[PDB]
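The chain below stands alone and is given in structure tokens; this is the form deposited in one PDB entry.
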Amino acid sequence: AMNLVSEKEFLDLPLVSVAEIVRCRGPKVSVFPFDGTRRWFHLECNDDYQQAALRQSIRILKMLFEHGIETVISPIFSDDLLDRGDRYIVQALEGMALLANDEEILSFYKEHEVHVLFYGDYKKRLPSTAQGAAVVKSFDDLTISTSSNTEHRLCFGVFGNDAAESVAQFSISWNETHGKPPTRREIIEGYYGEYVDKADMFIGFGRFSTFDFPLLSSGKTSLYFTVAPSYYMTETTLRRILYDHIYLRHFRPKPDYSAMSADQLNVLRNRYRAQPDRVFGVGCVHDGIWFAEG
């Protein structure tokens, strides 16, 4: 049915058709960090910062969900920020508050039936200030009020870089009360607040690297790196990524290599020896910004 759709068709299909294919073939869980906010704004907008990023974020989340992806995991704030200015810190908490209180995004969560969750070490690492305690309350509240939404799940990562200590404490308490260690499923439910399947793909940008989706990484998490920041994500780019993951990463059926002609195995040998030192991930720097070569 959907097994032999070509990339050309995939790229031409109506949005609703792509969604049906994804809903059926995956990716079910996609990691999409929001980063490069500052440079995107100053490069593609230069109204108000926080609002521009907020709406742009909604645009992309809307895009991801309308393409049929059930769950999106979005790291948005990592430890690093506590080591930045105080004004920079306040700025962050304001952005955090937006995701949980701003009217336009709350409307978005409702219209697209999105259940929102927060993960990470923010309850411990967020400033003990009034603003910080308010953010935590807002996070807990949004998670509960949107729990009736079932179409999509959105997991925001706030200091969600290393869950080791958190898993340890959760397991100890779980064993104390239950008498047995929690299962993997229960460990995940404890960290994300709900069970979430392993990530099927991660879309980053710039330097090849992944981060902030503990417990959900697998050799099957397809990795992609766009040249431009998260906010630049176009329709075409997303579809080419979805197509690669669905149809190309795990090609079927596979051939019986022991049954290939001498020429085939020879053309293949040449594909590998062609450019003997070819490697993706090595880059060059321009204006302090790293860009992948080749």
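Here the rigid core means the biggest group of C-alpha atoms that line up within 1.5 Å when the two forms are laid on top of each other. Shifts are known only where both forms have a C-alpha. Counting begins at 1, following the sequence as shown.
Counting the deposited residues that fall between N46 and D47 and carry no coordinates gives a value of 1 to 3. According to the PDB record, 266 to 274 carries the higher mean C-alpha B-factor of the two stretches 12 to 20 and 266 to 274.
Of the two stretches examined, 144 to 152 and 121 to 129, the record assigns the greater average C-alpha temperature factor to 121 to 129.
Listed residues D86, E165, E194, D197 were ranked by CA B-factor as deposited; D86 comes out on top.
As recorded in the entry, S78 carries the highest CA temperature factor of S171, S78, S217, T183. Among the modelled residues of its chain, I289 has a C-alpha B-factor that falls in the middle third, as given in the PDB entry. Ranked against the other modelled residues of its chain, the C-alpha B-factor of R249 as given in the entry falls in the middle third. When all modelled residues of the chain are sorted by CA temperature factor, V136 is found within the middle third.
Annotation for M233: C-alpha temperature factor in the middle third relative to the rest of the modelled chain, per the entry. When the modelled residues of the chain are ordered by C-alpha B-factor, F34 sits in the middle third.
Quick note: we don't show the form deposited in another entry, though the next part is all about it.
Positional change of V279 between the shown form and the other one stays under 2 Å at the C-alpha, relative to the superposed core. When the rigid core is held fixed, the Cα atom of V267 travels 2 angstroms or more between the shown form and the other one. In the other entry, the CA atoms of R240 and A274 sit farther apart than in the displayed form, by at least 3 angstroms. Residue range 253 to 274 is the only run of 3 or more whose C-alphas all shift by 2 angstroms or more between the shown form and the other one once the rigid core is superposed.
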